[PDB]
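Everything below concerns the one structure shown next.
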Amino acid sequence: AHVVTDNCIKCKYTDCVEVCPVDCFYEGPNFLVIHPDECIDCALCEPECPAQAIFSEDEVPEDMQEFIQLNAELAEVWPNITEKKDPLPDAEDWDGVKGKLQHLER
Ligand code: SF4
Ligand code: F3S
Numbered sequence: 001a002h003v004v005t006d007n008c009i010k011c012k013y014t015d016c017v018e019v020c021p022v023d024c025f026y027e028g029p030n031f032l033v034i035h036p037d038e039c040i041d042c043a044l045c046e047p048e049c050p051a052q053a054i055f056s057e058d059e060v061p062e063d064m065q066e067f068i069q070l071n072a073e074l075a076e077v078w079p080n081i082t083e084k085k086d087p088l089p090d091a092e093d094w095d096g097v098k099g100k101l102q103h104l105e106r
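Heads up: the sequence shown is residues 1 to 106, going by PDB author numbering.
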C-alpha cells in the first residue's frame, strides 16, 4: 500500500484523489490517508501530490514510519473523499514545514 506522510498536514491539496482508480483516500480536517486494504499500489498518486507527501510503504522515510500505522487507523474512521477540492488556506505557508504531525486534527 501507499502512505500519506507528514507534509500533507495543513496543506491537503487533494490533487491525489483525482487519479486514484479505486477511491481509497479518506479525509480528515487537515490531512488525508490511504486505506491499505483498498489501495492497489498503482503509484499514480505520488507524482500528483504537490507536497510530495505520498510514498510506497517500503519507501516511507525512517522518521515518518508512524504514518504507516496511522493511515491504516484513520482510514477506518474518516469519510471517503473522491473529488478534488481547494487546498487548505495557507497551504503554501505550511508546505515544507517539518514535524507537522503535532498539528494533526482528528
Ligand atoms: S497508489 Fe494508486 S490505488 Fe493507492 S492511493 Fe495511490 S492512486 Fe490510489
Ligand atoms: S497534500 Fe495531501 S491531500 Fe493529497 S495531494 Fe498531497 S497527499
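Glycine included, each C-beta is placed from N, C-alpha and C at the ideal position.
Rounded to whole angstroms, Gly-99 and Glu-38 show a C-alpha spacing of 27 Å.
Scanning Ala-51, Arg-106 and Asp-23 for the CA closest to the CA of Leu-70 turns up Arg-106. Under the DSSP assignment, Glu-27 falls in the beta strand (DSSP E) whose first and last residues are 25 to 27. At a threshold of 7 Å, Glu-48 counts as near the ligand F3S, since its beta carbon sits closer than that to one of the ligand's heavy atoms. Distances from the CB of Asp-41 to the heavy atoms of the ligand SF4 include at least one below 7 Å. Comparing C-alpha distances from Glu-83 to each of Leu-32, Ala-43 and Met-64 shows the shortest one belongs to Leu-32. Fully enclosed beta strand (DSSP E) runs of no fewer than 3 residues occupy 25 to 27, 32 to 34 and 54 to 56 of the stretch 17 to 67, in order along the chain. The distance from the Cβ of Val-60 to that of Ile-68 is about 6 Å, consistent with a contact at the 8 Å cut-off.
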